[PDB]
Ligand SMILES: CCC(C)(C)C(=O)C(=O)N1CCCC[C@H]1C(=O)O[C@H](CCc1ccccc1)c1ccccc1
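A single chain comes next, written as structure tokens; it is the form deposited without the ligand.
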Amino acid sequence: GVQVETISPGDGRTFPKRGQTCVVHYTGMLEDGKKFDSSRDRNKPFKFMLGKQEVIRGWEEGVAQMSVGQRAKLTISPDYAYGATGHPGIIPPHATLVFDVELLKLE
């Protein structure tokens, strides 16, 4: 469903836990088009919680699988992204998403 291609490993022992928030900064791109979902947010990156399903799976599964201080290039397939019905304009149907996420810290 989702793949995790690391570039800059992290410690390898601290990950997000159940009851924590993940503080991540990413750049979302598509196979070969453009950015649809980036995190070029002024002062605060993006922040979500594990076990509430606020972010698609590819992330939840992906980001989790990442450790505090690690950065990767994840590849999400429809099954884990926005199924078959996402939104016309941002996420066309069957549109594999590709994120470049950096788990920064937990809060």
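In case it trips you up, residue 1 is the first one in the sequence shown, and so on.
Another form exists, solved in complex with the ligand; not displayed. Remarks below refer to it.
At the 4.5 Å threshold, heavy atoms of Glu61 stay clear of the ligand in the deposited complex, well away from it. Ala72 falls outside the set of residues with a heavy atom inside 4.5 Å of the ligand in the deposited complex. In the deposited complex, no heavy atom of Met66 sits within 4.5 Å of the ligand. Residues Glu54, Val55, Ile56, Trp59, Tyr82 are the members of 50-82 with a non-hydrogen atom no more than 4.5 angstroms from the ligand in the deposited complex.
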